[PDB]
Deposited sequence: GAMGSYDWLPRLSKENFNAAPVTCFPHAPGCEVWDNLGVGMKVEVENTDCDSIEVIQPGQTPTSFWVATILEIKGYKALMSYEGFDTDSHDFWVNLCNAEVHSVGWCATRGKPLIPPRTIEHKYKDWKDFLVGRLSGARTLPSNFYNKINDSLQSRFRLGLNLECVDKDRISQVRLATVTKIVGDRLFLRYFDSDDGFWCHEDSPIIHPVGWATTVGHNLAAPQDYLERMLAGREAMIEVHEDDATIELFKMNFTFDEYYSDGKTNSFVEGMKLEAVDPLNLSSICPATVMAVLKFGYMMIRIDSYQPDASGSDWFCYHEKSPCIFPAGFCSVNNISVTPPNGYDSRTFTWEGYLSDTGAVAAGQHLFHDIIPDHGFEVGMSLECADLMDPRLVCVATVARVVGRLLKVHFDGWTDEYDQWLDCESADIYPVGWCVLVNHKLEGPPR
C-alpha cells in the first residue's frame, strides 16, 4: 500500500521452497477453482501479448515460460489470480496482438504455425477462472454493520461493534463506545450476530437501547435493524437444530477439566476448566495457567465443537509440551497428579469433536499468517508441526514464543501471494 510490502520472489526461486497449495485453505479466494489448475497449462500473458506455460505453482504464484525460448533465462513469476493473464483464445476473441518477445523475433517471419503447433490439444485456465476468483473475493459483510464481538479488554463478554474497514474478507471491528477494536477474518469464531449474547447466555456490553432491544426480543419477538449483522453472515460449525430439535449434543458439565489453546497466548496449550455451560454448545472455559483472579472476568467462550479444545493428556500423547496449571511445574506436572490434587474430573475423549479433515498441510510448507497478537499484521510463516488436525505455525525469523497453534481450517492462514492479491501489507522476516 502506501508503505510497501514484502515480496516472496527472492524465496520463490529456490528448490527447497515448499508452499501450501491454495487448495489447503477453504476460506482462501479461488480455493475451489484452484485444484482445476495444472502444472502444464498454456496461457496468454504480457498492449500486446504472447503465450506462456505454467511450469510451477507455489501458492498463488505461477512460474511462467514464454513459447519458443530455449532456456529458463526469461522465465518469470506471476500472481496467477491477478496478473495480466488470460486463457488461450482471449486475444483472438478481442482482436489483441500476439507479438513474439524481442529476444526470439528472429526465429520466424510468421508465427501462426509455431503457436498453433504449441497450442493444439493443450490445457488452459479453468472455464470461468477469474469470475470464480472475484466472487470469492467479496465479503459477506459490508461497511456499517453492527455485530457482537469479543471484548479484547474483557474476554468473558462480547461488546457491540461496527464493521468499519474491509480488506480481503478481513474486517475491522470498532466497538460502540470507543475508537478501539480489532481485525479478524469474516469466518472467525469470535464475532457474532446481533442477539447472539442474549440467545446463548453469554455476557453482553452494549448501549441501553440495544440492551432493551435484545431483552424485548426474548420476552416477545426479535426486532431486526437494517444494520444488524445477522446469523446468515456468520460461519458456524453446527446448527441450532441439533440442540432444540434432536437430542442436545451437550456433554461438558461445569467443573470438568480439559486442555485448550490459550486465547491470550496462541503458543500455549493449557489445562482448562468448564466454568459455565451456556446454550447451544457454547461454554465458558477458564485457562488454569492464569493467576487465580479471572473470577468471571478472564473466562473464555469456546463452542463444544471447537478444534482448539482437547482431552486431558492430548499434549502428552502428541509430544506437545503443555503449559502447566498455575503454581505447577513443567518438569513435574502430571494430569494424574493434578486431578488428585484438585479432586476434579477430566472430560472423556468421547465429548470432543474428532474429525481429521484432509487438509494437505505438511511440515515445512510456506504460507501467510495473521498475527493474532496484532491482527493488522499478516506475516511470512511456516508449518512447524502438523498434529492430526492441528498446526503449529512459526513466523520465519521470529522466536518460538510468537508461534501459533492454529486449526488447519483457521481463517487466519493464507496461501503465499494472498497479501498481494487482496492488497494487504505483508510482513517478511525481521531484520
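K.L.:
Counting from 1 along the deposited sequence, which stretches were left out of the model?
P.N.:
Since the structure holds only modelled residues, the one stretch it omits is 47-62.
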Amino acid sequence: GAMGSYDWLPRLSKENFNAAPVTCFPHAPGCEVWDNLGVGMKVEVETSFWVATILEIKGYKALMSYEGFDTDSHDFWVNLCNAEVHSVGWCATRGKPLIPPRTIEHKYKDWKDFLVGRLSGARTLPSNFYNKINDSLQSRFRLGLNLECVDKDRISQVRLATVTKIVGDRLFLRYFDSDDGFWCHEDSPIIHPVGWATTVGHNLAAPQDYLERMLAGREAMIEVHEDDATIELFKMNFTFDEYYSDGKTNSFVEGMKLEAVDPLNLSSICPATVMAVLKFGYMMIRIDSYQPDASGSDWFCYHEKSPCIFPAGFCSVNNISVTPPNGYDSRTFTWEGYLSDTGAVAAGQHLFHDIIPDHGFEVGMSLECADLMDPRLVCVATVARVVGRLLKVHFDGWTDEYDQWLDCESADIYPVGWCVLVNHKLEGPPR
From here on, numbers count along this sequence of modelled residues.
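K.L.:
Mind pulling up the entry and telling me whether 21-29 or 5-13 has the higher mean Cα temperature factor?
P.N.:
Between 5-13 and 21-29, it is 5-13 that shows the higher mean C-alpha B-factor.
K.L.:
With reference to the PDB entry, specify whether the mean Cα temperature factor is higher for 108-116 or for 211-219.
P.N.:
Looking at the record's C-alpha B-factors, the answer is 108-116.
K.L.:
Looking at the C-alpha B-factor values in the deposited entry, which of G313, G89, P189, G296 comes out highest?
P.N.:
Spelled out: the listed residue with the top C-alpha B-factor is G296.
K.L.:
Based on the PDB record, which member of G121, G144, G168, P193 exhibits the highest Cα temperature factor?
P.N.:
The listed residue with the largest C-alpha B-factor is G121.
K.L.:
Place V39 in the lowest, middle or highest third of its chain's C-alpha B-factors, as listed in the PDB entry.
P.N.:
Its C-alpha B-factor belongs to the highest third of this chain's values.
K.L.:
If you rank every modelled residue in this chain by C-alpha B factor, which third holds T47: lowest, middle or highest?
P.N.:
According to the entry, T47 has a C-alpha B-factor in the chain's highest third.
K.L.:
Once the chain's modelled residues are ordered by C-alpha B factor and cut into thirds, is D374 in the lowest, middle or highest one?
P.N.:
Ranked within chain, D374 CA B lands in the middle tercile.
K.L.:
Per the entry's values, where does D341 land by CA temperature factor relative to the rest of its chain, in the lowest, middle or highest third?
P.N.:
Highest third, going by the recorded CA B-factors of the chain.
K.L.:
Just say lowest, middle or highest third for the CA B-factor of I287 relative to the other modelled residues in its chain.
P.N.:
As the PDB entry reports it, the C-alpha B-factor of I287 lands in the middle third of its chain.
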